[PDB]
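This report concerns only the one structure given below.
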Amino acid sequence: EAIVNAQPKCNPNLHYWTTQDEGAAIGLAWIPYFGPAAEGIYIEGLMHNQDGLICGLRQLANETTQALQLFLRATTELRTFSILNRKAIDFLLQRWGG
Amino acid sequence: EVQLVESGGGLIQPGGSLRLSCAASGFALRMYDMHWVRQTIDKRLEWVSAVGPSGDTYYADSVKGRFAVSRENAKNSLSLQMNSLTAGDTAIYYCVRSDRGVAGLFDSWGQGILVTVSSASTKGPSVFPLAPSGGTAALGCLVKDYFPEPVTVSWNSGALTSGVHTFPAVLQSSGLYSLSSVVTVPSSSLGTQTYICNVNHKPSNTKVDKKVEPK
Amino acid sequence: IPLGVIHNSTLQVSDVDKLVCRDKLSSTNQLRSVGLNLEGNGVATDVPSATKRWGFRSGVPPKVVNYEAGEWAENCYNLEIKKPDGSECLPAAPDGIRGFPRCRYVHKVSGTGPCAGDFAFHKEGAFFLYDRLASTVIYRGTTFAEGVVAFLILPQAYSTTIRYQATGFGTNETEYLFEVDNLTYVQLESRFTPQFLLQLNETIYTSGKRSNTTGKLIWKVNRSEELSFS
Amino acid sequence: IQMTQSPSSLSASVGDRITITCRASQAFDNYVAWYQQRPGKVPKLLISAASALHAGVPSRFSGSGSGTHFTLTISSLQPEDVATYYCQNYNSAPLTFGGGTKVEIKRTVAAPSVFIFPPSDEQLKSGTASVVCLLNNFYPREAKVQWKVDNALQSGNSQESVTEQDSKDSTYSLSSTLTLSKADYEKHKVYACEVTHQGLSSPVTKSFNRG
Amino acid sequence: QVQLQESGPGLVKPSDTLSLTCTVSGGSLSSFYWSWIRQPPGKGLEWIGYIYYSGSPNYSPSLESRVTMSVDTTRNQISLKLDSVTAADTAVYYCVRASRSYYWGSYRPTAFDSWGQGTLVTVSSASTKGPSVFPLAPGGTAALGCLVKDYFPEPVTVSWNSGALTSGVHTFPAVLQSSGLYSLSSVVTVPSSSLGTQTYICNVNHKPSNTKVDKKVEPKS
Amino acid sequence: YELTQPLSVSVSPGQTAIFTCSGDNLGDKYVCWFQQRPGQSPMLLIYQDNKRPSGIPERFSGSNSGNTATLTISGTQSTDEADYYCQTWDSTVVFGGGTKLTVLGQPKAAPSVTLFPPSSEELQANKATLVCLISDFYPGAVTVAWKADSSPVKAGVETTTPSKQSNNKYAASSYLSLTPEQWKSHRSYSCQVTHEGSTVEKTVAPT
């Protein structure tokens, strides 16, 4: 089905940060020597709550936690990155057979 | 302000038991980790034990299994149960407040209390005058053959402090302590000014006030 | 693990076992993992209650996932606390793990308590969000942000720190102080916006009630009314 | 895990600069504290975080160091600074102290005033006799005190005690106590304490005849 | 620091092939795309083409049949050639660096991030008429100068005392006469007392006809 | 494919100037913005819609969505006066036509006028030029007339368009071409510069 935000509150803007000073693709900005420090690589952005999108999201973020926790318990590796390449494989397998 | 007062020390046989208590004032025990630190005969400082507000206890390995530390937040008091004692536990013990915040940083110290562990009886001192004989004259009291430590010595009930020297005790071959207390005074005050030395030896419940007359 | 699917502005919740013919997934680039904070759900951020939210325990190994894009935080926390005899409460932070990227306020809670348990987990499932990595455990001396992670499948197309001093941390009888001077502090009556703690900061260096080599601990009670302890 | 200090003792004049060194075995993010213990008094926290001065300490006190080598410096040594200083690792386990470094003021040599005291009649009554020789307000601490009884030099039956350095004049005081049986005391006549000291051009002898 | 220098401003005859070079100094050629972009007088910007050192050049659809570009890795230079030149090709030509990055499933130019000073190319047949330059003789200030008369084509540059004199110097843009020839003026303003205390020499460079003039301006009213 | 920019944008001092650049589905493309000060080379202001190179202050911002990209300047100064170009990539490179930024509610400055007679050297070459140099005026618009004695001169006059100056005033020049006999046959010549409704005149005489 579709989700229904059920948290006590939802601060509907999403001021986000994410990886790439993606005009760091100029000069020598890319040479590890030169460039940003550990805390200059990120970029900002604002996402407004267009439709239920963001509240929806925060609600998903909540709902997933349980399974994602159980998955972690099952996993033996200390730092898990594979989860999305995991789903992407699952996805392909799905439309290439049953 | 912050005051830490230890009690419950003294002289005990090896394998014996003592309970130190510490009464705190000026803050609140709930807020601090409390420690015991001791100064042994070699004047080295040694951390002994610690307890947190929730009663989590910690011990140096050298006393671990033999000591038990505890606290009563509501009474603002703390205690150190000292069992299976050895001569090596002979020391001045300090109740100590650690900085609220980070552990091991000793910002407040009590006055310290003496614990001696040895096979030997309690004994009150004999107090003898050291009689003066030029501008400056010296006079004193000899405090001899007591056990254990400590004794306190004052002059004129604390009124006379200037020029007073009370010497550290020495252990005599008899196994009993002895020390002297002296005071420098104007020789022209002799005969008119009364000099009395006040000696207290709590372990033996001995109290002597000795008047020291010239010649 | 459930998979968030979004067309235009609609957010459906599928898996792949339910994804329909032509929800056109053509690139690995349409897969993103997001880390939102509990902060933006209502959850208070008062240092006392936020503390009350976490807990200690051993015998359960720490786990870590990675999230690609986070959310700016109003509040974060930095834990350098110990048990009475030195001995750290928390592990050190292994390689790669850094302090969460965006905090308006960092709440450096220095202090001491008992640590019944090798690690400290979240008592409601939430992850501690560090720099692009989400752990189930708080590491020493490193800033983080309470949060939870989701997984999406898109369509085709400065800071300030606040210092604290605290006692009997893990306990129920805990006591929190707000560190302003090497020798002065203030009692935390929970309901206390950071802006307000910084206004106390300003009104103390201004007013003048920062002690002189004798340590004081005042208590505000709501230009207003500050008392002293004893 | 192990704190050790150098040196065990040091001397310097008033106003002089001194440095105490504290060697750590293993390293521990420089959580080093310094404590001051004046003679006959309770220790007081001087410095934490290697270099952070605490309440009521003069700015002539400075601390530095890192890793395992740490140091405390006094830039204008004063009489009230005479004490034993301890380094300690905190915020780590085990909590251990250095063996301490004793700080003394280097001065000239102030000769002692010397006084002798015969045994009280009350003590003689008990069957024992103590003769006391007092050396007052001298520096340096080093002194030679010899007992002579009718001009023999007496062995093995006297004990000394020395005060801590005085916080006002930086001097010492010393007692030497000769202990005999009553019979032995009455067996002799002339009792003399002879004191040799750097401040005494020649030894000073204080004597009395019994009676 | 990466610097870009176009060959030199001046003449090309109508129907001839324009040849320009850009010389890059403090840095290697190989990390960037290189483009040419031109600007006719009083008009906007027109991209001509770009090239990567290891790639094939791409050109504007409207200049494609008349233009080529090349790179010389050993001289650190980019060349431009433009055929069948007419008056519509008179313009400032800029050598332009473009950064290279991966986005939208390819390596791509990301921004024209460094521009040269440009070189003014004037297209013309009037046999490179050189300038005739004349002295302009001088509260509290005096003005003296040089008139740069009847030259053709643009451009002309002017310095004073070989560039040693810059303060109070104002060189005016040229006028285009009905004759089709150009004239401009350069003047230097000096304070009253300064006047006559040193030499004033006007250095006129007309590269299209390969001539240079130093007209000394005698400080006499 | 073409990008559309307005010819001109104006703004009050210290306030916000907004430039638009439109094209069919422009939001699907990356837009760069460039600044060009008078007599100078273009300079990158914005690339990939909203990114700033170093050297470009934060008061410059870019955006791009739908069919429209914008450049925004906060706290605009007269030193920001320039032509501003939008640029993107279709099948090939495309530039907008450029927008001239004018900062209004500026004061005013009257022209300085210097008039030179023919040089002796030019006269000896059997030619004659009067040189009227006009500088330091604002706004950048003047009209120039010439007089022989008291009579208007029609022929032989050449005048430049005004051009932005270093101190950001304006400059222009005007030339009157004569024969030596014409120069010597009148008692004076005058250059008349009209600026914002008022006129300054300079006069020279064969001496």
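Letters A, B, ... mark the chains of the structure tokens in the order given; residue numbers begin at 1 per chain; ligand numbers begin at 1, in order shown.
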
Non-local contacts of residue F:160 (7 Å; only C-alpha atoms; under 3 positions in same chain excluded) as a list in words: residues 175 of chain E; 172, 173 and 174 of chain F

Mind writing the picked residues with N, CA, C and O atoms as a PDB file, in the first residue's frame?
ATOM      1  N   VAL E 175      37.638  56.596 -33.436  1.00  0.00           N
ATOM      2  CA  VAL E 175      36.488  56.933 -34.253  1.00  0.00           C
ATOM      3  C   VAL E 175      36.626  56.281 -35.623  1.00  0.00           C
ATOM      4  O   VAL E 175      37.732  56.157 -36.153  1.00  0.00           O
TER       5      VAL E 175
ATOM      6  N   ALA F 172      34.150  60.055 -24.291  1.00  0.00           N
ATOM      7  CA  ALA F 172      33.884  60.094 -25.714  1.00  0.00           C
ATOM      8  C   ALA F 172      34.851  61.080 -26.338  1.00  0.00           C
ATOM      9  O   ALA F 172      35.487  61.865 -25.635  1.00  0.00           O
ATOM     10  N   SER F 173      34.965  61.043 -27.658  1.00  0.00           N
ATOM     11  CA  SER F 173      35.837  61.973 -28.352  1.00  0.00           C
ATOM     12  C   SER F 173      35.179  62.436 -29.638  1.00  0.00           C
ATOM     13  O   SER F 173      34.365  61.726 -30.227  1.00  0.00           O
ATOM     14  N   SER F 174      35.538  63.639 -30.066  1.00  0.00           N
ATOM     15  CA  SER F 174      35.021  64.195 -31.302  1.00  0.00           C
ATOM     16  C   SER F 174      36.146  64.909 -32.033  1.00  0.00           C
ATOM     17  O   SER F 174      37.019  65.513 -31.415  1.00  0.00           O
TER      18      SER F 174
END

If we count only C-alpha atoms, what is near residue B:22 at a cut-off of 6 Å, once residues fewer than 4 positions away on the same chain are taken out, given as a PyMOL selection string? chain B and resi 5-6+77-78

Could you please tell me, as a PyMOL selection string, which residues of chain E have an atom within 7 Å of chain A when using only C-alpha atoms? chain E and resi 99-101

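Minimum atom-to-atom distances from D:116, D:83, D:95, D:22 to residue B:61 were compared using only C-alpha atoms, and the lowest value belongs to D:95.
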
Selection: 10 Å around stretch 1-16 of chain A, only C-alpha atoms, excl. self and same-chain fewer than 2 positions, as a short mmCIF file (atom, residue, chain, number, x, y, z; two decimals) with N, CA and C atoms, in the first residue's frame:
data_model
loop_
_atom_site.label_atom_id
_atom_site.label_comp_id
_atom_site.auth_asym_id
_atom_site.auth_seq_id
_atom_site.Cartn_x
_atom_site.Cartn_y
_atom_site.Cartn_z
N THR A 18 24.82 16.08 1.15
CA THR A 18 25.18 14.85 0.44
C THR A 18 26.49 14.94 -0.33
N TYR A 42 30.76 17.96 1.06
CA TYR A 42 29.30 17.89 1.00
C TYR A 42 28.65 19.05 0.26
N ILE A 43 27.39 18.85 -0.13
CA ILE A 43 26.57 19.90 -0.73
C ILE A 43 25.21 19.95 -0.07
N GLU A 44 24.67 21.16 0.00
CA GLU A 44 23.40 21.42 0.64
C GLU A 44 22.26 21.35 -0.35
N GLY A 45 21.05 21.38 0.17
CA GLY A 45 19.88 21.50 -0.66
C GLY A 45 18.66 21.58 0.22
N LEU A 46 17.58 22.16 -0.30
CA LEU A 46 16.33 22.11 0.43
C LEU A 46 15.29 21.38 -0.38
N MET A 47 14.61 20.44 0.26
CA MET A 47 13.47 19.79 -0.37
C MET A 47 12.21 20.20 0.36
N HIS A 48 11.24 20.72 -0.38
CA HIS A 48 9.99 21.12 0.24
C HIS A 48 9.10 19.88 0.29
N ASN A 49 8.08 19.91 1.15
CA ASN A 49 7.19 18.76 1.30
C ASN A 49 6.14 18.69 0.19
N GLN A 50 6.59 18.57 -1.05
CA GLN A 50 5.67 18.50 -2.18
C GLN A 50 4.88 17.21 -2.09
N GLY A 52 2.78 14.38 -0.04
CA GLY A 52 3.09 13.78 1.24
C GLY A 52 4.53 13.32 1.30
N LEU A 53 5.26 13.60 0.22
CA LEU A 53 6.61 13.08 0.00
C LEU A 53 7.49 12.99 1.24
N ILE A 54 7.80 14.13 1.86
CA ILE A 54 8.77 14.13 2.95
C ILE A 54 8.26 13.50 4.25
N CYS A 55 7.04 13.84 4.65
CA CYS A 55 6.43 13.21 5.82
C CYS A 55 6.32 11.70 5.61
N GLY A 56 5.81 11.35 4.43
CA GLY A 56 5.85 9.98 3.93
C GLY A 56 7.21 9.39 4.23
N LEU A 57 8.25 10.04 3.73
CA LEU A 57 9.62 9.56 3.86
C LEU A 57 9.98 9.27 5.31
N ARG A 58 9.94 10.30 6.15
CA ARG A 58 10.27 10.17 7.57
C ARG A 58 9.53 8.98 8.20
N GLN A 59 8.31 8.75 7.71
CA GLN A 59 7.48 7.64 8.17
C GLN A 59 8.02 6.29 7.68
N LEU A 60 8.51 6.26 6.44
CA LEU A 60 9.18 5.08 5.91
C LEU A 60 10.42 4.78 6.71
N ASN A 62 11.05 5.40 9.45
CA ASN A 62 10.65 4.79 10.72
C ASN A 62 10.30 3.31 10.52
N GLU A 63 9.30 3.04 9.69
CA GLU A 63 8.82 1.68 9.40
C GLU A 63 9.88 0.63 9.00
N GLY C 4 11.13 2.00 -0.59
CA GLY C 4 10.33 3.17 -0.95
C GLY C 4 10.43 3.45 -2.44
N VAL C 5 9.27 3.59 -3.08
CA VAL C 5 9.18 3.86 -4.51
C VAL C 5 8.48 5.19 -4.76
N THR C 10 4.33 11.14 -5.50
CA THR C 10 3.70 10.00 -4.85
C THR C 10 4.74 9.05 -4.28
N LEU C 11 4.53 8.64 -3.03
CA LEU C 11 5.42 7.69 -2.37
C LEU C 11 4.67 6.38 -2.06
N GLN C 12 4.94 5.37 -2.87
CA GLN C 12 4.46 4.01 -2.66
C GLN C 12 5.51 3.23 -1.88
N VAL C 13 5.11 2.15 -1.22
CA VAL C 13 6.05 1.31 -0.49
C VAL C 13 6.05 -0.14 -0.95
N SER C 14 6.96 -0.48 -1.86
CA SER C 14 6.99 -1.82 -2.41
C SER C 14 8.16 -2.64 -1.89
N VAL C 34 18.72 6.87 2.51
CA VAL C 34 18.61 8.13 3.25
C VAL C 34 18.65 7.94 4.77
N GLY C 35 19.18 8.94 5.48
CA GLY C 35 19.25 8.94 6.93
C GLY C 35 18.57 10.16 7.51
N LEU C 36 17.33 9.99 7.96
CA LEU C 36 16.58 11.08 8.59
C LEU C 36 16.74 11.05 10.09
N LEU C 38 15.46 11.55 14.16
CA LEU C 38 14.31 11.45 15.04
C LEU C 38 13.86 12.85 15.44
N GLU C 39 14.85 13.73 15.54
CA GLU C 39 14.67 15.15 15.81
C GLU C 39 13.44 15.76 15.13
N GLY C 40 13.20 15.38 13.88
CA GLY C 40 12.17 15.99 13.05
C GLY C 40 10.86 15.22 13.08
N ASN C 41 10.65 14.46 14.15
CA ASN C 41 9.43 13.69 14.36
C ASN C 41 8.62 14.14 15.57
N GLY C 42 9.24 14.98 16.39
CA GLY C 42 8.61 15.45 17.60
C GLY C 42 9.56 15.26 18.76
N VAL C 43 10.18 14.07 18.81
CA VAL C 43 11.23 13.72 19.77
C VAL C 43 11.91 14.95 20.37
N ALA C 69 22.92 10.09 1.99
CA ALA C 69 22.50 11.47 2.13
C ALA C 69 21.70 11.70 3.42
N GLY C 70 22.11 12.70 4.19
CA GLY C 70 21.52 12.96 5.49
C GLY C 70 20.69 14.22 5.56
N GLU C 71 20.29 14.56 6.78
CA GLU C 71 19.47 15.73 7.04
C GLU C 71 20.17 16.65 8.03
N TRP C 72 20.23 17.94 7.70
CA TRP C 72 20.72 18.95 8.64
C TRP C 72 20.10 18.77 10.01
N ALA C 73 20.93 18.87 11.04
CA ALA C 73 20.44 18.69 12.40
C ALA C 73 20.48 19.99 13.18
N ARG C 102 26.47 17.82 9.80
CA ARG C 102 25.78 19.10 9.99
C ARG C 102 25.01 19.22 11.30
#

Please provide as a ChimeraX atom specification all residues within 9 Å of stretch 143-155 of chain D, with the sequence filter that same-chain residues fewer than 2 positions apart are discarded (counting only C-alpha atoms). /D:133,138-141,157-158,160,174,176,178,188-198

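We find atom CA of residue E:173 and atom CA of residue E:86 to be spaced 23.1 Å apart.
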
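Close contacts of residue D:128, defined as residues with an atom at most 7 Å away when counting only C-alpha atoms, with chain neighbours fewer than 5 positions off set aside, comprise residues 123, 180, 181 and 182 of chain D.
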
Can you tell me, as number ranges by chain, what residues are no more than 10 Å from residue C:188 when counting only C-alpha atoms, ignoring any on the same chain fewer than 3 positions away? C: 46-48, 164, 175-178, 185, 191-192, 197, 219-220

Save the residues we just selected, N, CA, C and O atoms, as a JSON list (two decimals), in the first residue's frame?
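Result written to part_15.json:
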[["chain", "number", "residue", "atom", "x", "y", "z"],
["C", 46, "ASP", "N", 16.11, 17.85, 24.64],
["C", 46, "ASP", "CA", 16.63, 18.21, 25.95],
["C", 46, "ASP", "C", 17.67, 17.16, 26.34],
["C", 46, "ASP", "O", 17.32, 15.99, 26.45],
["C", 47, "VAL", "N", 18.92, 17.57, 26.51],
["C", 47, "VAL", "CA", 19.99, 16.65, 26.90],
["C", 47, "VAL", "C", 19.57, 15.56, 27.92],
["C", 47, "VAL", "O", 19.94, 14.39, 27.74],
["C", 48, "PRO", "N", 18.82, 15.93, 28.98],
["C", 48, "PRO", "CA", 18.41, 14.88, 29.93],
["C", 48, "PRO", "C", 17.62, 13.74, 29.30],
["C", 48, "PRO", "O", 18.00, 12.58, 29.46],
["C", 164, "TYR", "N", 28.83, 20.08, 28.82],
["C", 164, "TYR", "CA", 28.05, 19.64, 29.97],
["C", 164, "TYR", "C", 28.91, 18.85, 30.92],
["C", 164, "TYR", "O", 29.91, 18.25, 30.52],
["C", 175, "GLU", "N", 22.46, 13.52, 37.47],
["C", 175, "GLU", "CA", 22.43, 14.97, 37.68],
["C", 175, "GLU", "C", 23.24, 15.72, 36.61],
["C", 175, "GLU", "O", 24.44, 15.44, 36.40],
["C", 176, "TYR", "N", 22.56, 16.62, 35.91],
["C", 176, "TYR", "CA", 23.14, 17.33, 34.77],
["C", 176, "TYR", "C", 23.47, 18.79, 35.03],
["C", 176, "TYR", "O", 22.64, 19.54, 35.53],
["C", 177, "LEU", "N", 24.69, 19.18, 34.69],
["C", 177, "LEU", "CA", 25.14, 20.57, 34.80],
["C", 177, "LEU", "C", 25.61, 21.11, 33.44],
["C", 177, "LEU", "O", 26.14, 20.37, 32.63],
["C", 178, "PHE", "N", 25.39, 22.41, 33.21],
["C", 178, "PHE", "CA", 25.78, 23.08, 31.97],
["C", 178, "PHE", "C", 27.07, 23.87, 32.24],
["C", 178, "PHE", "O", 27.07, 24.81, 33.05],
["C", 185, "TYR", "N", 29.04, 26.57, 36.70],
["C", 185, "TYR", "CA", 28.06, 25.72, 36.00],
["C", 185, "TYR", "C", 26.63, 26.13, 36.32],
["C", 185, "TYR", "O", 26.40, 27.00, 37.16],
["C", 191, "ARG", "N", 13.54, 21.31, 30.23],
["C", 191, "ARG", "CA", 13.02, 22.32, 29.31],
["C", 191, "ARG", "C", 13.97, 23.51, 29.19],
["C", 191, "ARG", "O", 13.87, 24.48, 29.95],
["C", 192, "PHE", "N", 14.88, 23.43, 28.22],
["C", 192, "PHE", "CA", 15.90, 24.45, 28.05],
["C", 192, "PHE", "C", 16.41, 24.45, 26.61],
["C", 192, "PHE", "O", 17.26, 23.64, 26.25],
["C", 197, "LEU", "N", 20.35, 28.51, 26.62],
["C", 197, "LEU", "CA", 21.61, 28.19, 27.30],
["C", 197, "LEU", "C", 22.74, 29.11, 26.82],
["C", 197, "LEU", "O", 23.66, 29.44, 27.58],
["C", 219, "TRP", "N", 21.83, 28.53, 39.83],
["C", 219, "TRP", "CA", 20.59, 27.94, 39.34],
["C", 219, "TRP", "C", 19.56, 28.99, 38.95],
["C", 219, "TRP", "O", 18.99, 29.66, 39.81],
["C", 220, "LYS", "N", 19.35, 29.15, 37.65],
["C", 220, "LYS", "CA", 18.37, 30.12, 37.15],
["C", 220, "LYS", "C", 16.97, 29.61, 37.47],
["C", 220, "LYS", "O", 16.76, 28.41, 37.60]]

Would you mind listing what lies within 10 Å of stretch 76-82 of chain A as a PyMOL selection string, with only C-alpha atoms counted and same-chain residues fewer than 2 positions away left out? (chain A and resi 71-74+84-88) or (chain C and resi 61-67+133-135)

Export of the given selection (C-alpha atoms) as a short mmCIF file (atom, residue, chain, number, x, y, z; two decimals), in the first residue's frame:
data_model
loop_
_atom_site.label_atom_id
_atom_site.label_comp_id
_atom_site.auth_asym_id
_atom_site.auth_seq_id
_atom_site.Cartn_x
_atom_site.Cartn_y
_atom_site.Cartn_z
CA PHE A 71 19.02 -7.85 8.79
CA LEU A 72 21.95 -6.35 10.62
CA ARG A 73 21.64 -8.95 13.35
CA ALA A 74 21.74 -11.67 10.71
CA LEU A 84 21.15 -1.75 -2.30
CA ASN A 85 23.23 -3.71 -4.78
CA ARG A 86 21.45 -6.55 -3.00
CA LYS A 87 18.01 -5.22 -3.79
CA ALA A 88 19.12 -4.32 -7.34
CA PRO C 61 28.16 -6.97 18.91
CA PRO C 62 27.85 -3.49 17.30
CA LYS C 63 26.69 -3.21 13.66
CA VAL C 64 27.09 -0.49 11.01
CA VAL C 65 25.29 0.39 7.76
CA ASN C 66 26.07 3.29 5.43
CA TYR C 67 23.68 6.01 4.29
CA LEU C 133 27.61 5.57 8.63
CA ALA C 134 24.82 4.48 10.97
CA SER C 135 25.82 2.44 14.01
#

Using DSSP on the backbone coordinates, identify the residues of stretch 54-130 of chain B assigned to strand (DSSP E or B); present them as a VMD selection string. chain B and resid 57 to 59 67 to 72 77 to 82 91 to 98 106 to 109 113 to 117 123 126 to 130

Please indicate the distance in Å from atom CA of residue F:34 to atom CA of residue F:46, rounded to one decimal place. 6.8 Å

Show me, as a VMD selection string, every residue of chain D with an atom at most 9 Å from chain B, counting only C-alpha atoms. chain D and resid 33 41 to 46 48 86 88 to 92 94 to 100 115 to 123 130 132 134 136 159 to 164 173 to 175

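You will find atom CA of residue C:80 at 10.0 Å from atom CA of residue C:143.
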
Chain F residues near chain E (6 Å cut-off, only C-alpha atoms) as a ChimeraX atom specification: /F:41,44,47,97,160

Could you turn the residues from that selection into a file that holds C-alpha atoms, as a tab-separated table (two decimals), in the first residue's frame?
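selection_32.tsv was written with the following content:
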chain	number	residue	atom	x	y	z
F	41	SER	CA	37.02	39.35	-21.28
F	44	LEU	CA	32.46	32.51	-15.41
F	47	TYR	CA	28.21	26.79	-13.79
F	97	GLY	CA	21.89	37.29	-26.36
F	160	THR	CA	32.59	58.33	-31.02

Compute the set of chain E residues within 12 Å of chain C, using only C-alpha atoms, and express it as an MDAnalysis selection string. chainID E and resid 103:105

Only residues of chain B matter here; which ones have an atom within 8 Å of chain C, counting only C-alpha atoms? Give them as a list in words. residues 1, 26, 27, 30, 31, 32, 33, 34, 50, 51, 52, 53, 54, 56, 58, 100, 101, 102, 103 and 104 of chain B

Name the closest residue to residue B:93 among the candidates B:80, B:37, B:69, B:63; distances are taken between atoms, counting only C-alpha atoms. B:37
